[PDB]
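Working notes, structure below.
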Amino acid sequence: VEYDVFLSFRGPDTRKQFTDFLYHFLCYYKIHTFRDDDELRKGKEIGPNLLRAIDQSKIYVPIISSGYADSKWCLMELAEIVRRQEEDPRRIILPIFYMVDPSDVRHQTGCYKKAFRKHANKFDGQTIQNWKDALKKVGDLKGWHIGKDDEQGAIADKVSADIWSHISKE
DNA sequence: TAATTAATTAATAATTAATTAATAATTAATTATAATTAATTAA
């Protein structure tokens with residue numbers, strides 16, 4: 001009746017390019033999945049929607065993309081995932097890199113330099129250091145890299161069971 | 001030279017939503033106006 005898996009991704013990039021079949025395929029294993037498309041903006045952080053499901057989730061599974069560092073909502077939301085995780089280690093994180101190196105995520109260089117080149121003219125000089133401290137630790141856990149040739153279909157089946165193995169056996 | 005980082009300066013789309021901007025028309029229904037022809041009646 002509650003949520004056992006909570007996703008997070010980019011808007012226009014992978015909303016109907018891959019994360020869609022992965023969300024659907026998952027519903028065939030009899031588990032309730034949460035994905036959201038509402039652009040929020042109704043304020044700066046909504047409570048009964050995101051904040052509710054965050055504490056209700058069980059396996060936070062982000063999906064870092066190529067342009068995941070531009071949307072002003074995603075990063076500061078990810079800062080709430082990995083922060084809540086460090087307080088109670090009962091839950092886990094299974095990131096999935098996508099079309100990007102597992103090196104442009106630990107130092108925000110490469111395809112993110114342009115992103116933080118303009119993000120530093122608006123916000124505080126400490127809030128940005130809060131993101132780069134949280135975004136870094138995500139790029140150290142285990143994760144299926146998806147190269148240019150790997151099957152966008154076989155990976156889904158392999159990763160889904162790893163989410164279903166931690167539920168049946170508990 | 002290429003390459004990128006670093007500081008600064010610089011220039012049309014697209015919807016979101018507020019509002020105003022088109023009588024037009026047809027349907028439903030309302031009142032008003034002219035004569036002609038026919039018969040009868042009075043020079």
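Where a number appears in this text, it was derived from the coordinates with a stated rule and is not lab data. Don't worry about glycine lacking a Cβ; one is built from the backbone with ideal geometry, like all the others, and counts go over all protein chains shown.
Just one of the listed residues (A:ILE93, A:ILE81, A:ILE63, A:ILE54) is in contact with an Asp or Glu (Cβ under 7 Å, 6 or more places away or on another chain), away from DNA strand B (no atom under 16 Å from the Cβ) and closer than 26 Å to A:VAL1 by Cβ, and it is A:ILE54. Any residue that is among the aromatic types (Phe, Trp, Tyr), in contact with a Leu (Cβ under 9 Å, 6 or more places away or on another chain) and farther than 23 Å from A:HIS166 by Cα - is there at least one of those in region A:66-80? Yes, the conditions are met somewhere in region A:66-80. The residue that is surrounded by the fewest Cβ atoms within 10 Å (Cβ to Cβ), counting only those in region A:1-15 that are touching a residue at least 60 places away in the same chain (Cβ under 8 Å) and of a type in the set (D, E, K, R), is A:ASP4. Among the numbered conditions (1) farther than 27 Å from A:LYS30 by Cβ; (2) exposed (fewer than 15 other Cβ atoms within 10 Å of the Cβ), the only one that A:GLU170 does not meet is (1). Is it the case that A:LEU7 is under 14 Å from the mean Cα position of the chain (by Cα), assigned to a helix (DSSP H, G or I) and not acidic (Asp, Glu)? So A:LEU7 fails the test. Residues in region A:27-70 that are assigned to a strand (DSSP E or B) and either more than 17 Å from A:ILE93 (Cβ to Cβ) or touching a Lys or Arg at 6+ places or on another chain (Cβ under 8 Å) (or both): A:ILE59, A:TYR60. Under the condition of being over 16 Å from the mean Cα position of the chain (by Cα) and part of a loop (DSSP other than H, G, I, E, B), the residues counted in region A:109-158 number 16.
Taking region A:16-46 as the range and being of a type in the set (A, V, I, L, M) and in contact (Cβ under 8 Å) with a residue 12 or more places away in the chain as the test, the residues that pass are A:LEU22, A:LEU26, A:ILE31, A:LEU40. Pick from region A:107-140 the residues that are among the aliphatic types (A, V, I, L, M) and more than 9 Å from DNA strand B (Cβ to nearest atom): which of them is surrounded by the most Cβ atoms within 10 Å (Cβ to Cβ)? So the residue we want is A:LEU135.
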